[PDB]
Amino acid sequence: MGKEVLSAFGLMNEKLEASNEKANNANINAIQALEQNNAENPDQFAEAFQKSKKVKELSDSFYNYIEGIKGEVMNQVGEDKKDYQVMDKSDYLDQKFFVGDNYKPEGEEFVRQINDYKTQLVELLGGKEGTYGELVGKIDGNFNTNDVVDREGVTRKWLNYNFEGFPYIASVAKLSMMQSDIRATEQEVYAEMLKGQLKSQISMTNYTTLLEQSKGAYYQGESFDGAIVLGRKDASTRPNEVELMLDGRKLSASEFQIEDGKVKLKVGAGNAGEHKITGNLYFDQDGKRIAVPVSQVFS
Amino acid sequence: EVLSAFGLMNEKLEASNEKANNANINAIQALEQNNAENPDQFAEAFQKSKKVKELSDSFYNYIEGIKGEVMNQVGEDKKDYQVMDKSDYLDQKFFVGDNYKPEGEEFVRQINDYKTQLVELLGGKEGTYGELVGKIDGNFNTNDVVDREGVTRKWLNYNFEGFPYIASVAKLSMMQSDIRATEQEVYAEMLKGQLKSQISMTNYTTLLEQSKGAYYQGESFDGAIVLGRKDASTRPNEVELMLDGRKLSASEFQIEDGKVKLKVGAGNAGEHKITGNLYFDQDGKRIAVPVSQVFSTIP
């Protein structure tokens, strides 16, 4: 029997497990970033956060199921782990998965778990349609349980073809790449969700033109000077904190006169004559507080 | 029995490769479109994306050529995987005795050049993109590694010693998959970086507006505060300004795209209505920011 055979499978599995650990770290980082984004402006990142969380928990449940099968077969072979020429039995799995030419309930459970993952994921995204459906194609191609036809014409059963008669390390590698598929689908899904949100924020559908002339007191026919600037209108924007100093008095009576109902910062403050308004709008973006200065005047 | 699992893994990897590659092509196309719409913004992102596209496609084509060379020797058909078991030509062609032949060393050099310039392109192990750099290094590395025994194996050997032709093919397919996955992660990171630069509140200043303004006296104040966009790199593609029916604001004249504002300084003979449309190309679509304001001048 080929000594180098099933050693190749071991190298597959080692590379795949290392990559999967790195991918899980990156995915957890991305989820933490999303939760931080939901912390400030929850309105913008809400749906993104919940759908990403659902993907996270589905992916984790499914990954843990696969990993349980992997640990099962690891116990099956024995304590020798980095030795691979030993995982050659092709016995425990089939008798753990099928009855003669029929599925065992747990094998049925395994396949229906796969199908459940796919269908809930795609229905979360909006199946085969809507925004980013090519991702649905990717997931379908990755987890597809449709019975395949062999080159010899037999429509072999999906689990039977995928798993029967194979060395324990072989199905171990199969499951490792299934896990890698789950991690890749995660990484991609968080990518699309956050990207779609960002594009929903950058869209100049969110803006509105304004006039920012130095002074409105334009005398008799003198040459004009002014500008057009894209004032923000998207109500989803919300200054996380506001400090709004008046003419050196009554720093921002809290929502007594300021109202961020719309992104129009309606200030219903009082007055006595000439006035200036100063302060800072604190936006907690991506884990950093940024102060946007305010220095304006009013009669 | 005959380990067709290698063949199945290879075929799935290849199908995933076309799907991922189509996605990558589309992603770069979208970057190209955005760069066409707004070159100053997506300029660096598009340049880095096209450099990594060149590098990735060169590397992918090299590996694909090696894979094709291998699948030449297999025979007339390309699915009878049990036939693909000789493992006698490829091992011959990479190396003689211990030392690499001057093509295997070229292969490893290609891998290492790819990783080196890719990392140096993505900043580096430090700065941003660090986790992605870790993924690249872990996926692509030829540091000589030690087997079960405490003895060091050369990378090309340990990965490509007498392994069945289909096994080597599947390993190379995994390498291709890593290249494509790295492509998509890289493009996503570059785009996310650009967007998050665009949504940064460091891009804004604060303006106000009211119905009339002055009140000569202390009565009240129904003002509002807005986030004017002061990003230099954002600019309309089309600027149609039929202010009050007279002309297109002398397009060469006062309307100035030099900064984000449109530094209008037009004529003055009374109260003036400025009206028109701002046309921003965004992901293809022609978004239309209407402009409709009044500035009054005594004539």
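As you go down the protein sequences, you meet chains X and Z in turn.
Be aware that the first sequence starts at 27, since it is given in UniProt numbering, and climbs by one per residue.
Be aware that the second sequence starts at 30, since it is given in UniProt numbering, and climbs by one per residue.
For each residue, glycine too, the CB sits at the ideal point set by N, CA and C.
Exercise for review: Using three-state DSSP, classify X/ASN306 as helix, strand or coil.
Suggested key: In the structure shown, X/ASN306 sits in a strand (DSSP, three-state: E or B).
Check your understanding: Does Z/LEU220 come within less than 8 Å of chain X when only Cβ atoms are used?
Key -> Under the 8 Å criterion on CB atoms, Z/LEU220 is classed as interfacial with respect to chain X.
Review point. Can Z/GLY133 and Z/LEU185 be called in contact, C-beta distance under 8 Å?
Key: Yes, these two residues count as a Cβ contact at 8 Å.
Review point. Is Z/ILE208 helix, strand or coil when you go by DSSP?
Key: In this structure, Z/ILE208 counts as helix in the three-state DSSP scheme.
Practice item. Decide if Z/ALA298 is buried, meaning its Cβ has at least 16 other Cβ atoms within 10 Å, or exposed. Key: Here Z/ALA298 is exposed, its C-beta having fewer than 16 other C-beta atoms within 10 Å.
Exercise for review: Locate the alpha helix (DSSP H) running through Z/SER45, then write down its first and last residues.
Suggested key: Segment 34-66, the alpha helix (DSSP H) holding Z/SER45.
Exercise for review: Within the region 239-265 of chain X, note down every full beta strand (DSSP E) run reaching 3 residues or more, in order along the chain.
Suggested key: Look at the region 239-265 of chain X and you find these whole runs of beta strand (DSSP E), each 3 residues long or longer: 254-258.
**Study point:** Buried or exposed (CB count within 10 angstroms, at least 16 for buried), X/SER280
**Key:** Classification for X/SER280: exposed.
Check your understanding: Any residues in the region 127-143 of chain Z with a beta carbon nearer than 8 Å to a beta carbon of chain X? Which ones, in chain order?
Key -> Result list empty, no residue passes.
**Study point:** Within 8 Å of chain Z by C-beta, residues of the region 304-317 of chain X in sequence order
**Key:** Hits within the stretch, in order: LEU307, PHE309, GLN311, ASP312, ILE316.
**Study point:** Three-state secondary structure assigned by DSSP to Z/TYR158
**Key:** DSSP places Z/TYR158 in coil when its eight states are reduced to three.
**Study point:** DSSP state of X/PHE124 mapped onto helix, strand, coil
**Key:** Judged by DSSP in its simplified three-state form, X/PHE124 adopts strand.
**Study point:** Within chain Z, the residues that X/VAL293 reaches when beta carbons sit closer than 9 Å
**Key:** What X/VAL293 touches in chain Z: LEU237, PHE250, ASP251, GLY252, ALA253, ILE254.
Review point. How would you write the range of the alpha helix (DSSP H) that X/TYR143 sits in, first residue to last?
Key: Per DSSP, the unbroken alpha helix (DSSP H) holding X/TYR143 starts and ends at 131-151.
Exercise for review: Could you list which residues in chain Z have their beta carbon closer than 8 Å to that of X/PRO319, in chain order?
Suggested key: Those are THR234, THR235, listed as they occur along chain Z.
Review point. So, is the C-beta of residue 388 of chain Z closer than 8 Å to a C-beta in chain X?
Key: Given a span of 30 to 328 for chain Z in the structure shown, any question on residue 388 of chain Z remains unanswerable.
**Study point:** Chain-order list of residues whose beta-carbon lies under 8 Å from that of Z/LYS80 (same chain, five-residue window excluded)
**Key:** Only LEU150 meet the Cβ criterion.
Point to revise | Which of helix, strand or coil DSSP assigns to Z/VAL112 | key: Looking at Z/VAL112 - three-state DSSP - the assignment turns out to be coil, as it is neither helix nor strand.
**Study point:** Host alpha helix (DSSP H) of Z/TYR187 (start-end)
**Key:** Residues 184-188.
Review point. Looking at C-alpha atoms only, which residue of X/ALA253, X/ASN168, X/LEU161, X/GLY242 is the closest neighbour of Z/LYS41?
Key: The residue with the shortest Cα to Cα distance from Z/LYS41 is X/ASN168.
Practice item. Could you spell out where the beta strand (DSSP E) holding X/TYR233 opens and where it closes? Key: X/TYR233 -> beta strand (DSSP E) spans 233-237.
Review point. Cβ of X/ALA52 less than 8 Å from any chain Z Cβ?
Key: By this cut-off, X/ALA52 is an interface position.
Practice item. Run down chain Z in chain order and give the residues with a C-beta less than 8 Å from the C-beta of X/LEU151. Key: None at all; the shortest Cβ gap to chain Z is about 14 Å.
Review point. Just curious, the beta strand (DSSP E) that X/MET271 is in, first and last residue?
Key: From DSSP, the beta strand (DSSP E) with X/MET271 extends over 267-271.
Review point. Three or more beta-carbon pairs under 8 Å between the region 178-192 of chain X and the region 144-160 of chain X, yes or no?
Key: Flag = no, the region 178-192 of chain X and the region 144-160 of chain X do not touch.
Review point. Would the beta-carbon of Z/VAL289 fall within 8 Å of that of Z/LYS259?
Key: The Cβ atoms of Z/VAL289 and Z/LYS259 sit closer than 8 Å to each other.
Practice item. Classify Z/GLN58 as buried or exposed, calling it buried when 16 or more other Cβ atoms lie within 10 Å of its own Cβ. Key: So Z/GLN58 counts as exposed.
Exercise for review: Closer than 9 Å by beta-carbon distance: list the chain Z residues that pair up with X/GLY299, in chain order.
Suggested key: Per Cβ cutoff of 9 Å: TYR244, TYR245, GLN246, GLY247.
Exercise for review: To the nearest angstrom, report how far apart X/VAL180 and Z/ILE140 are at their CA atoms.
Suggested key: Z/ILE140 has its alpha-carbon roughly 41 Å from the corresponding atom of X/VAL180.
Review point. Does the beta-carbon of Z/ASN64 have 16 or more other beta-carbons within 10 angstroms, so that it is buried, or is it exposed?
Key: A buried status is given to Z/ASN64, since no fewer than 16 other beta-carbon atoms sit within 10 Å of its beta-carbon.
Review point. Alpha carbon to alpha carbon, how far is X/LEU84 from Z/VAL162?
Key: Approximately 28 Å, taken between the alpha carbons.
Review point. Start and end of the beta strand (DSSP E) containing X/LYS314?
Key: Where X/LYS314 is concerned, the enclosing beta strand (DSSP E) stretches over 314-324.
Exercise for review: Compare the Cα-Cα distances from X/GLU238 to each of Z/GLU248, Z/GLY305, Z/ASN232, Z/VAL255 and report the closest residue.
Suggested key: Of the candidates Z/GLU248, Z/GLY305, Z/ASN232, Z/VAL255, the one whose C-alpha sits nearest the C-alpha of X/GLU238 is Z/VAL255.
Practice item. Flag this pair as yes or no: are the beta carbons of X/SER229 and Z/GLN223 separated by less than 8 Å? Key: For the pair X/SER229 and Z/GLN223, the CB atoms are not nearer than the 8 Å cut-off.
Check your understanding: Rounded to whole angstroms, how far is the Cβ of Z/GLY191 from the Cβ of Z/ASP120, which I believe are closer than 8 Å?
Key -> Their Cβ separation, rounded to whole angstroms, is 5 Å, which keeps Z/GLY191 and Z/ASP120 in contact under 8 Å.
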